[PDB]
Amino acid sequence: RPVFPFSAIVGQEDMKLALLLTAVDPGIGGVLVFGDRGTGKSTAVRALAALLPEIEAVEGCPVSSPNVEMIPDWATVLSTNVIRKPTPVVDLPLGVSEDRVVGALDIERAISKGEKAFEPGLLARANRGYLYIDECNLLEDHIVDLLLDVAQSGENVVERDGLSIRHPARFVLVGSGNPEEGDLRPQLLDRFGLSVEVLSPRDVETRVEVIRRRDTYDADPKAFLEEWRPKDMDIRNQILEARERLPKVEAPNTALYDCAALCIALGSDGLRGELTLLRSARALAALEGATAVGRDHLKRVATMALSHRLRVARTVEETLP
């Protein structure tokens, strides 16, 4: 199944960087995408997922276990053969029920013969992949809260109905902020790692170029990919190498000092803010092959890492000249 390639997407610089950063260090947290209706905010996510190496998993496993030994006890898998498949991208549609999101035990069949009665949901499908929410700000507080928690913990625990069901749920959470329903609960916004704006281009020349590329891709997806995949593979190599470099990238005191100074100068105070800032800067350094995090890495990611946590660019050049 061909997917419009990442490298052929026009503009969306910050969106692309955010996806590369969290591809390198998912510990940065979820990505919040602000923009209007037609920005096609999940295009970049699906493209990134498509340029990443396919994952190995037990064919019949609902949570994509890497091997038979990791298959959850509540799961019933017949096809134990390990295969290669694309990194999954799961859409979280508005109005979805909690049970379809987290999964639920068929209490009826559970009394028949227990645990094996658990019916996995979207979280199971998103394991080892991405979870995209098109209208996050329209989602119910308790659902978002739950998704943020699992995205952070990397595990889904359903301790309801007299059972303790659990399975791996490690994924990059990408929530889309539709135009404007009400700049919702600041309590949740602060739980997202990065925020980016993806504005639709207003000049007809850029829109036409965007239309032209998609139309050409549709004319022959295979041929389009042949043309762009070398660039997508360069992006893949950059991420994979960055991951290998990550643990060795240095974080000198000066970097921590800038991190602390910038956050103090701002409204978005500390730790959560300071740590995300530092983690994002280091991921960037790893991406650019830098030995240590410097003031520039910090300045480049500051807006994406801090903007959404206020009650920034001005404060950045001022605090970190």
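Quick note: we count residues from 1 along the sequence shown, nothing fancier.
Participant: From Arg311 on to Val312, does the model leave out none, 1 to 3, 4 to 9, or 10 or more residues of the deposited sequence?
Facilitator: According to the record, 10 or more deposited residues lack coordinates from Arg311 to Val312.
Participant: For the higher mean C-alpha B factor in the entry, choose 84-92 or 186-194.
Facilitator: Looking at the record's C-alpha B-factors, the answer is 186-194.
Participant: Comparing 12-20 with 299-307, which has the greater mean CA B-factor as deposited?
Facilitator: Mean B over CA atoms: larger for 299-307.
Participant: By the entry's C-alpha temperature factors, tell me which of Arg214, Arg236, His142, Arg207 sits highest.
Facilitator: Across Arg214, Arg236, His142, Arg207, the entry lists the biggest C-alpha B-factor for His142.
Participant: Checking the record values for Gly129, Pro201, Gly121, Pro221, which has the greatest CA B factor?
Facilitator: In the PDB entry, the greatest C-alpha B-factor among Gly129, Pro201, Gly121, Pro221 is found at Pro201.
Participant: Relative to the other modelled residues in the chain, which third contains the C-alpha temperature factor of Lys231: lowest, middle or highest?
Facilitator: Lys231: CA B-factor falls in the middle third of its chain.
Participant: Lowest, middle or highest third: where is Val63 by C-alpha B factor in its chain?
Facilitator: Answer is lowest: the recorded C-alpha B-factor places it there.
Participant: Could you look up the Cα B-factor of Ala104 in the entry and say which third of the chain it sits in: lowest, middle or highest?
Facilitator: Highest third of the chain for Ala104's C-alpha B-factor.
Participant: Could you look up the Cα B-factor of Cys263 in the entry and say which third of the chain it sits in: lowest, middle or highest?
Facilitator: Its C-alpha B-factor belongs to the highest third of this chain's values.
Participant: By the record's CA B-factor, is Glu54 among the lowest, middle or highest third of residues in the chain?
Facilitator: For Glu54, the deposited C-alpha B-factor lands in the lowest third.
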